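Okay, so we've got the same protein chain twice, two forms, each given alone as structure tokens, structure 1 and structure 2.
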Structure 1
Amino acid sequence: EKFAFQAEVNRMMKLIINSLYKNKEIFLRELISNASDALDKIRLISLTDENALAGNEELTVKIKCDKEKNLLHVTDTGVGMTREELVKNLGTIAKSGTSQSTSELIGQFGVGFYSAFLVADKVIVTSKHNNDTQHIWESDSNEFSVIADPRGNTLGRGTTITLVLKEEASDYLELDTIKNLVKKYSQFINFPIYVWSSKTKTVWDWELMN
């Protein structure tokens, strides 16, 4: 009743996504692919301005697990997003407590966003664009809320996708499962992709997978 349109969009996107790919791991491929497109965008801007990477001279994809908090982080130093981009997000999500340009948004980012809800219950976006403030955005595919980050500009430039995982999909947080999965969907990415892994007396560091 409250979110009839949102639930129907969620039902249709899940139905079509599950039918087309049949592999629930498509969420990780989208996270890798979308991060690559953001990195490619800012690298293209670099070829015309000398100091377009001043906020962050690296162009990486860094994936980190949090088995205790049940979190999955995929951080890239791509182009990032302004606050107005986060407000539009995909046009199908209503602003919190308030109950085509959006159809073109679903075309480009619908599969990437709604596939995350095959393994997650909430998606949190932390982004920083060159000409704007760092913001935190969250949604449950029904409502959304955007916030100015109290930590300030900690990303320098780029985006962090945080998925709070379902209890059924807690296996994606182990090291050997997330490392083998990233390796599969990385042979077509022209950017280094690191995974926070442990080495042995045990220290943690960025391990590059491609």
Structure 2
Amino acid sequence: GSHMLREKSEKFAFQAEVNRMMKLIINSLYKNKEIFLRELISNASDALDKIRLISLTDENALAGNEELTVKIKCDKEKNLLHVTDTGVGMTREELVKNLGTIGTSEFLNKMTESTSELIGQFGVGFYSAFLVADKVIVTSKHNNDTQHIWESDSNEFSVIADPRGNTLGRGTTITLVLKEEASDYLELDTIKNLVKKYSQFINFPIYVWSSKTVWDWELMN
């Protein structure tokens, strides 16, 4: 089963529109970077709504994970920020299509001609992660596929089957390899303050892995 790596069938290029959207997002929000977290939490909330809706009609929708939560983890020694939800998750096909492609023109023009509000409205808050990260990694497990990993440094992206297997049960983990100057988002206090402000209106429970020295999930909303 070497055909896949010898052919680079896991490597993809972004759609032109997306490259343009990413720059726009990064160019205008440079003064309001913290916004990225709200957008990831916002996306997490939407995925949780979806599985919840699916659970209404499909009895075995929550089989892979009964809880509906958003958990945030700061890994200082590894320079990573993790935002995990137990929502509907994404299939390999969706990882490629939903994150790699995309009133696109009206927005491309609207953005050019505070955009923190529009970005959310247009459903492209995902890319704001690149304001604070050199690499964004999406690990996701959907009910209809095996766990896969999507990764990108913004110049291309690849998707692979997670060799770790189904560790999520169901859901998605957004992993940010934070830029050297975005180290402050590794600080609990900072994260907690941001999460507490951007979670106040999320209907699902959001936690932050914090210390009191023992560690444990701490409810934020």
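Residues that one form lacks are left out of the comparison. All residue numbers here refer to structure 1's sequence, counted from 1. Rigid core (definition): largest C-alpha set, two forms, superposition within 1.5 Å.
Cα of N10 displaced 2 Å or more between structure 1 and structure 2, core superposed? Passes the 2 Å threshold, so yes.
Relative to the superposed rigid core, does the CA atom of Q108 travel 2 Å or more between structure 1 and structure 2? Indeed, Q108 is displaced by 2 Å or more.
Honestly, after the rigid core fit, is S19 moving at least 2 Å at Cα between structure 1 and structure 2? Yes, its C-alpha moves 2 Å or more.
Superpose the two forms on the rigid core and tell me the Cα shift of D132 between structure 1 and structure 2 in angstrom. C-alpha shift for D132: 0.4 Å.
Cα of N51: shift between structure 1 and structure 2 in Å, core-fitted? For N51, the alpha-carbon shift amounts to 2.1 Å.
Taking the rigid core as fixed, pick out the runs of 3 or more consecutive residues whose CA atoms all shift by at least 2 Å between structure 1 and structure 2, and give them in sequence order. These are the shifted runs between structure 1 and structure 2: 1 to 22, 89 to 93, 97 to 99, 101 to 111.
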